[PDB]
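Participant: Pasting a structure below so you can have a look.
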Amino acid sequence: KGXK
Amino acid sequence: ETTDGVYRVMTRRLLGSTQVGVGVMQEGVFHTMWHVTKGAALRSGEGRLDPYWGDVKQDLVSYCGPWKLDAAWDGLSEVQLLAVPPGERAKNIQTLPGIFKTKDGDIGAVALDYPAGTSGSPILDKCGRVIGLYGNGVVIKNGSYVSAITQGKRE
Amino acid sequence: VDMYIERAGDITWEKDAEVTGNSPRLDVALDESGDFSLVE
C-alpha cells in the first residue's frame, strides 16, 4: 500500500 | 469533460502535480474512492464536477450523479486490475481474487500492490465491466497488500 | 488546492494476459470510518  | 474512460486524479498548488488517485467516468458520472478526494469538488478541464453521493464506510464517492457501476464479481472467475500508477501508463493485471471474510459476508479481494496514488483504479470482468475499485485494503504479516474489490450500489 | 482529473485510457479487458498474485483467504473487519483490519 505504498492501507489506502 | 465527462467522456467515458479511466482518469488520473491529480493535485497541484503553486509547483508540480501529484497523482492522488484514479477513477472511472461512466454515464456522465465520475466514480472514485472517498480517500482520494475527501469528497471535495473536482476540476475537469474548464469545468467543475460536484460530489453527488458518497459513503465513508464503503470508501466511495460519485460526482455529477448517482453511482452507476453495478457489475458484480461472480465469485469464481479471474479479474483484471486496470492499474493506473503514478507516472506510468494504464496496464492490465489478471488475477484470481481471494476473499475478505467479514461478519456481514464475503468480499472479493486482490493481492496486488501498487503505489497509494493508484487508488481508484478499476477492476474488470471479462466483459470489461467495472466490478469495483482498487485501493481499500489491509497489510498482511509480510508487508504485502490485499485490496477489497469495492463496489457501490446502483440505486 | 487544484484537484483535477485527466484522461488516462479506455476501459478494456486485455486478452491473453497472464494471471499473477495469490488468492488469500483473510478474516477482516470493517469499521465505520472505512478501514479494514485483520481479525486475529
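Going from the start of the chain as shown, residues are counted 1 onward.
Using N, Cα and C of the backbone, Cβ positions are placed for all residues, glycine too.
Taken from Swiss-Prot, the feature active site, charge relay system covers B:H35, B:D59, B:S119.
Would you situate these features in the structure and describe their surroundings?
Facilitator: Within its own chain, B:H35 (active site, charge relay system) has B:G21, B:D59, B:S119, B:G135, B:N136 as residues 6 or more apart in sequence whose C-beta sits under 8 angstroms from its own.
Other C-beta atoms found within 10 angstroms of the C-beta of B:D59 (active site, charge relay system) number 28, with every protein chain shown included.
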Participant: When DSSP states are folded down to helix, strand and coil, where does B:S119 (active site, charge relay system) land?
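Facilitator: DSSP assigns B:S119 (active site, charge relay system) to coil.
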Participant: If you draw a 10 Å sphere on the Cβ of B:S119 (active site, charge relay system), how many other Cβ atoms land inside?
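Facilitator: B:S119 (active site, charge relay system): 29 neighbouring Cβ atoms within 10 Å.
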